[PDB]
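These notes are about the structure you will find just below.
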Amino acid sequence: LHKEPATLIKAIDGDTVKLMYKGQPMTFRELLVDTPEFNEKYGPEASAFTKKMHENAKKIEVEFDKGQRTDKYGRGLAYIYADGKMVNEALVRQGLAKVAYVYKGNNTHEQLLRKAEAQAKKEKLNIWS
Ligand SMILES: Cc1cn([C@H]2C[C@H](OP(=O)(O)O)[C@@H](COP(=O)(O)O)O2)c(=O)[nH]c1=O
Ligand SMILES: [Ca+2]
């Protein structure tokens, strides 16, 4: 997989963000995670976490997996990196997302994220409290 540039246009919620990619505004949905909806328990915390991580980044990058690059709603499907740190992984590691939506052919980082989830759960963090 390859990291490619993007710039933040606007935070949306814990697992979606609006980024400019190849010069075009897109909504991106983070691969392999599910955050609570803003209206649900830990939803606001997840949104806040993602918003900060993107806003504080000097450099945002997107990394497509091997399969589908856009979902049925037109959202880009990617692993997102803030100054080299994968946002998807960081959410799961903090107990603010569950590993989810693991489709065959877009699951390169599954094990990495499952390891994060196990550590969050052992720590009883957030969703695992
Ligand atoms: C993360 C992800 C979501 N989706 C679709 C499945 C879900 O369909 P449904 O909308 O029919 O439930 C939806 C979940 O996204 P959200 O968690 O953003 O709602 O997005 C994909 O198709 N591929 C993906 O990799
Ligand atoms: Ca969600």
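Ligands are counted one by one from 1 in listed order, and the atoms in each one are counted from 1 as well. In what follows, every heavy atom counts, from backbone to side chain, and hydrogens, waters and symmetry copies are set aside. Sequential numbering from 1 along the given sequence is applied to the chain's residues.
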Residue list, ring pair (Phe, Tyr, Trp, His ring centres under 6.0 Å) with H54, at least two apart or on another chain: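 Ring pair (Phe, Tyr, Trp, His ring centres under 6.0 Å) check on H54 returns nothing, list empty.
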
Ligand 1: protein residues within heavy-atom distance under 4.0 Å: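 Around ligand 1, where the cutoff is 4.0 Å for heavy atoms, the contacting residues are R29, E30, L31, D34, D71, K72, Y73, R75, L77, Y101, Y103.
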
Minimum side-chain heavy-atom gap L125-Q119 below 4.5 Å: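 No - every pair of side-chain heavy atoms lies 4.5 Å or more apart.
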
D34, N/O/S atom nearest the Ca ion (ligand 2): OD1

Carboxylate-amine/guanidinium proximity below 4.0 Å for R93 and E123: yes

Carboxylate-amine/guanidinium contact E55 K51, below 4.0 Å: yes

OE2 (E37) - the Ca ion (ligand 2) - OD2 (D15) angle, nearest 10°: 150°

In one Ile/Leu/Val/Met/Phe/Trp/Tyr side-chain cluster, 4.5 Å: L91, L31: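 No, it is not one cluster - the side chains of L91 and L31 are not joined through contacts under 4.5 Å.
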
Of all pairs that satisfy salt bridge (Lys or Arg N to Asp or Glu O under 4.0 Å), the ones with a partner from residues 76-85, not counting sequence neighbours: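 Not a single pair qualifies under salt bridge (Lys or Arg N to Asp or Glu O under 4.0 Å).
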
Side chain to side chain donor-acceptor pair (under 3.5 Å) pairs, two or more places apart, involving residues 38-49: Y42-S129

